[PDB]
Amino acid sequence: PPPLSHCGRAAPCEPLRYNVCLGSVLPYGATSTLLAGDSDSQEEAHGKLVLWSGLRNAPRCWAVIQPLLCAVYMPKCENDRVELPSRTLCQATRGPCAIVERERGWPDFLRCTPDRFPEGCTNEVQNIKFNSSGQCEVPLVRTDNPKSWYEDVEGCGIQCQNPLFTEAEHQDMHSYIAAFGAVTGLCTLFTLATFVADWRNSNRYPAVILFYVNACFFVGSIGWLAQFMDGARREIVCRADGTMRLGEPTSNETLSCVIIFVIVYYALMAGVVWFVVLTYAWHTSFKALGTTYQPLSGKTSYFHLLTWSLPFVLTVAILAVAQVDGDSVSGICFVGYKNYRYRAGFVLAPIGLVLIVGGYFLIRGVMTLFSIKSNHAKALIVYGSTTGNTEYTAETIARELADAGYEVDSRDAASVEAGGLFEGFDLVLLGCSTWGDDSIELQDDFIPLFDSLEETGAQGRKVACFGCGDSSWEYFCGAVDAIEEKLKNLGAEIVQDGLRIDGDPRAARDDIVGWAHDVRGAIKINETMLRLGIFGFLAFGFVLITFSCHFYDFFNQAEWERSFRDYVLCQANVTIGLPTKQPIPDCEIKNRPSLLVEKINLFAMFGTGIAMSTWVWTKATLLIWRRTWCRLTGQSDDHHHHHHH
């Protein structure tokens, strides 16, 4: 067909000084510099192409901009007429070459004007094959998937390995996760094993909480350790093409990322909710005996309801807003690595709420603990002393109890009536020296009390004895033996082994102080519940450190994301306008996340699991597996244990 008048412009033809345009040979021999507005000569047109060739980086732009640049700077001129490039050739660059309008801006002669670029014209460059493809820079990787391209740079995608941290820092962090993960995995596994080895007896509701607390940290450990199997880490953190996994759940990608996300986050949130249960349980167990509250042993349908539903609602909500992001250095998929606000919302806020609710019950339980001890602070000290040594011991014991918060009433046996003497005291300390040359004779003033000791109200009373004697005599502190014996026959609860002073009690003052310290120590305020309280405050400590680390990351990640963008886009090269002074990359990370804070975070996190596994580190546990061995050997034959077997 003959050429159209509007698909050509009148221009004086000049012979081509260059027989090649951006690596491809030209079929014609005459050109024009009329289409190029910035160029007047072929030498200048060639010079501009060397500046435009800076777009090799971002290849899906480079592939479409090569034909357009050859159709404008080096076009076909034949019989004093230059061919115009079609509108379709110009419009094909607008999209993938957005970076041009974003950085420099399309010049007057390269904007798709119907005057400069007419509709339905033969391009001539359509016949010419441009085999040049381009390449992506070191922090980016070529990806075909459009859902993996990084911002403006179409054709390239952000690599899987986090570019803010070196390979040395990756190896260092993975070694740290392997160490804590394995210890936490093993310790919790031992605790879950001993509980199921005594499952029918260990289901008692005050301690069964520590079983589920360990169960969460056990499942959590599996999520963090999954990355160490051969090749798993890249199946969890890298996409099929090779770019890092962002905004999961995402289409046409394996579940490996969301599976590990659920295991880590759900076990994290189920664990912190079981913490609030532990703090609540210790708090309410006191008022079960003290005032009116009744045992909570049977709230299986209420604690399991809230501990397993709240993490479920949160995990489903994260998958819905699809903010599950993968990370090579942490080796797991978690909520809010790309966008810090989601990590703050679904992690920092729930951990903050469990600290104020859980912290409230620790305060309440302690206030209950201290009010009960003040209601059990009356103590009677009755002493029988001739030369004043037991009197001195009684008075020494009295100040130690008083310094500890008791209301001490010290009385001489010579001035007391036996009838209902011990009525109204939480503790009764009876002191008497030993006399009698051939035998055991009590100090004279204590005989009337000792003979009518049945009328004192010793039955069920918490008592302890003391007394002064001399090893130089036969039957050392025989009176202490006799009083302990009559009190024990009347039904009194002997708190500790009688304090028997040899010689002068002043030269044994700290022994008296030491005994009086231990005698209050033996005054139990639920031994079974006390341990539940240490573990409550212990867990709170580690949860508070975890919250602090997430707060640091929340308060600074806005700057690190900006620093991430500025570094990758600068490393992408693609500097079209002019060439830099040296080929040097001239690119830095102004600020990045702190790996220390993350190690402190994992220490507090995994550390809770290790600390809670020590709940079953008692003598009772040794007997649990003893039964398991003894009656695994006793069950090696037929049937099992019996009444006389």
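All residue numbers refer to positions in the sequence shown, first residue = 1.
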425-433 versus 308-316 - greater average Cα B-factor per the deposited record: 308-316
Stretch with the greater mean C-alpha B-factor as recorded in the entry, comparing 71-79 against 369-377: 71-79
Of the residues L49, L596, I584, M612, the one carrying the largest Cα B-factor as recorded: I584
Options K488, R111, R399, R364 - largest CA temperature factor per the record: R111
Within-chain third of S563 by Cα B-factor, per the entry: middle
Modelled-residue ranking by C-alpha temperature factor, third containing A507: middle
CA B-factor placement of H283, once the chain's modelled residues are sorted into thirds: middle
Chain-relative CA temperature factor third for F190: middle
Third of the chain, ranked by Cα B-factor, where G95 sits: highest
